[PDB]
Each structure stands twice: as C-alpha cells, then as structure tokens.
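Every number here is computed from the coordinates shown, using simple stated rules; none is lab data. Cβ: placed from backbone, ideal geometry, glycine included. Neighbour counts: every protein chain shown.
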Amino acid sequence: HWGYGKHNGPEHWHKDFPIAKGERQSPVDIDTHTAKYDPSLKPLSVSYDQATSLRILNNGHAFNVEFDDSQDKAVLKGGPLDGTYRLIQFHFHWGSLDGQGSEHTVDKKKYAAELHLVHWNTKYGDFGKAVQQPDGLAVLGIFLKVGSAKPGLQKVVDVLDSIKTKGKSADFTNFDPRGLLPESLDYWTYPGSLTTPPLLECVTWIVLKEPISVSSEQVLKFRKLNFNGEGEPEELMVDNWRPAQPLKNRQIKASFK
Ligand SMILES: [Ru+3]
Ligand SMILES: [Zn+2]
C-alpha cells in the first residue's frame, strides 16, 4: 500500500486516490509576498489546558499521539474558523537530514520537520462525519528547526523506543501539547487537504510563522523509528513528507501585518 518510497510514494498516490491531483491539495509553498494580511480574521484561540492524551501509535508512516475527544477539552477556535474544533491527534513529518522534512514550505524554504495538530469540527458529531465536509477539519501546523532542545517534546522523544516498529503502541496519558507551541500565534491560513492518503479535502490550514527549535539529539531519535513491522527488514522512518502541491486559485491569508 501507500508509503514514501520510490515505488509507493507521493508520485504514485493518485492511482488509488485520484483526489491527489484535486483542486485544494496540501501541503503548499507559502509565498510570503503573495499572502495578504486579512483584517477580518478573529484572534486565534488555542485552548489545550484540559487536553487528555491517551496513547502513542506507530502507524507505519508516522507516530500519532491520540487524545480523548469525547468531550470539549482541547479545542481550536477563532482565526479563520467558525465554531469549535476538537483536538483528536498530533503527528510529525520529518526528514533524513536537517535540510528537509517539512511539508509546507515558506518561500521555498524546507524546515527540518513539521508538527500537525489535527482537530475536527464539533458541529459534525465525530471525526468520520467531519471528513465528509469541506469545513470538517482544522490542522495547526508548526515548523521545527534544529537548535536548542524543546522541553515539551522530550516526553514524546523518550517513548519512541517502545514504539519502534509499525503497529506498536504505548500508553501516553497526561501529555500537555501546550509545550509544543512557539511564543507567537502569527499564522498563514488557506483551505486544503490532509497530506496523507486518502488526502481528503476537508482542512482549514493554520500554519504558524514562528518555528519551534528542537535539538539534534531529539530529531535523531525520530529518525530511529521504523516504517516496517517487528521482525521485518529495517526501513528507517525518515522523509515521510509530501512535497508542495499546486496552489491553483487559492489565496493564502496572513494573520499579521
Ligand atoms: Ru501508514
Ligand atoms: Zn500531517
């Protein structure tokens, strides 16, 4: 099935998922001189105080930290969003080298990695129904650069040993995603898609301008994960990013002047 290799990678996805060549695919290059400040954007509200993480899963393409979304706890609202979007999971995309790994780019610049916090619109009842709607999802995207360690990330880093291979999971309760945020909530926003198959075009993207810094030791531990299952030949989980896709017609709006 789909992956990131030569024979099953982003160039192949369109065969099983024709939407891969659709009208609002993600990620995209953010051309900072084409994006326009939007005065009609409300302040962004990231409310992760009561976030309830459950566990971490290696799903054979990345790792997901999953949250209890059966109540309004960790929510995203404001900005370009109408209503309330509930945090369901987060994950990353990263490279084999520091010079690549992000999915969104900024004036063609690739970051070492990218964090995606996935939320679904509570008006639709649950995730499965939300992903049938054009405004079903909101994803908060955060760039990672290599520098100082991110203390909020170390708990994630430490557990990766226990989920080396596809299908492994571990208990991951009481993780606070507030520790993964940069200082500023300045952002770019555009309508897009999920960046993995089935590449559903349900996402309001909110991509933060300020990257977080993580240590070389932290990203290196990401790169020790496996795409393969236990007892299979080792395939390092690296370069699990989709490249930039055609913007076509879409406008990227900036929250800042
Ligand atoms: Ru997979
Ligand atoms: Zn993602």
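Brief remarks on what is shown
- Region 1-42, subset aliphatic (A, V, I, L, M) and within 20 Å of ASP239 (Cβ to Cβ), residue farthest from ligand 1 (Cβ to nearest atom): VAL28
- From the list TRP120, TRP94, the one residue that fits, being touching a helix residue (DSSP H, G or I) at 6+ places or on another chain (Cβ under 7 Å), more than 15 Å from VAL75 (Cα to Cα) and not acidic (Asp, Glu), is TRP94.
- Scanning region 156-201 for residues that are within 16 Å of ligand 1 (Cβ to nearest atom) and of a type in the set (D, E, K, R), we see that the one that is nearest to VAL65 (Cα to Cα) is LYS168.
- Top-ranked residue of region 74-111 - restricted to ones that are within 26 Å of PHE256 (Cα to Cα) and among the hydroxyl-bearing types (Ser, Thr, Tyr), ranked as nearest to ligand 1 (Cβ to nearest atom): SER102
- Residue in region 245-257 that is within 16 Å of ligand 2 (Cβ to nearest atom) and in contact (Cβ under 8 Å) with a residue 24 or more places away in the chain present: yes
- When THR204, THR189, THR195 are screened for being assigned to a loop (DSSP other than H, G, I, E, B) and buried (at least 22 other Cβ atoms within 10 Å of the Cβ), only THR195 passes.
- Residue check, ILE163 within 18 Å of the chain's Cα centre (by Cα) and farther than 15 Å from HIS93 by Cα: no
- Residue within region 16-34 that is within 15 Å of ligand 2 (Cβ to nearest atom), surrounded by 13 or more Cβ atoms within 10 Å (Cβ to Cβ), over 18 Å from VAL131 (Cβ atoms) and within 18 Å of the chain's Cα centre (by Cα) present: yes
- Residue pairs meeting the criteria (Cβ under 6 Å; at least 6 apart or on separate chains; first within 14 Å of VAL118 (Cα to Cα), in region 195-221; second assigned to a helix (DSSP H, G or I) and of a type in the set (A, V, I, L, M, F, W, C)): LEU199/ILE19; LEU199/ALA20
- Restricting region 105-124 to residues that are crowded, with 18+ Cβ neighbours inside 10 Å and of a type in the set (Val, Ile, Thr), the residue that is farthest from ligand 2 (Cβ to nearest atom): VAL106
- Of the residues in region 151-164, not one is closer than 24 Å to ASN249 by Cα and out of contact with any helix residue (DSSP H, G or I) (no Cβ under 9 Å at 6 or more places or on another chain).
- Candidates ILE88, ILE56, filtered to the one that is within 14 Å of ligand 2 (Cβ to nearest atom) and part of a strand (DSSP E or B): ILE88
- Identity of the residue in region 74-107, aromatic (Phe, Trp, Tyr) and within 13 Å of the chain's Cα centre (by Cα), that ends up farthest from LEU236 (Cα to Cα): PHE90
- Test for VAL207: is it closer than 27 Å to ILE163 by Cα and among the β-branched types (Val, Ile, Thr): no
- The residues of region 179-200 include none that are charged (D, E, K, R) and under 16 Å from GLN89 (Cβ atoms).
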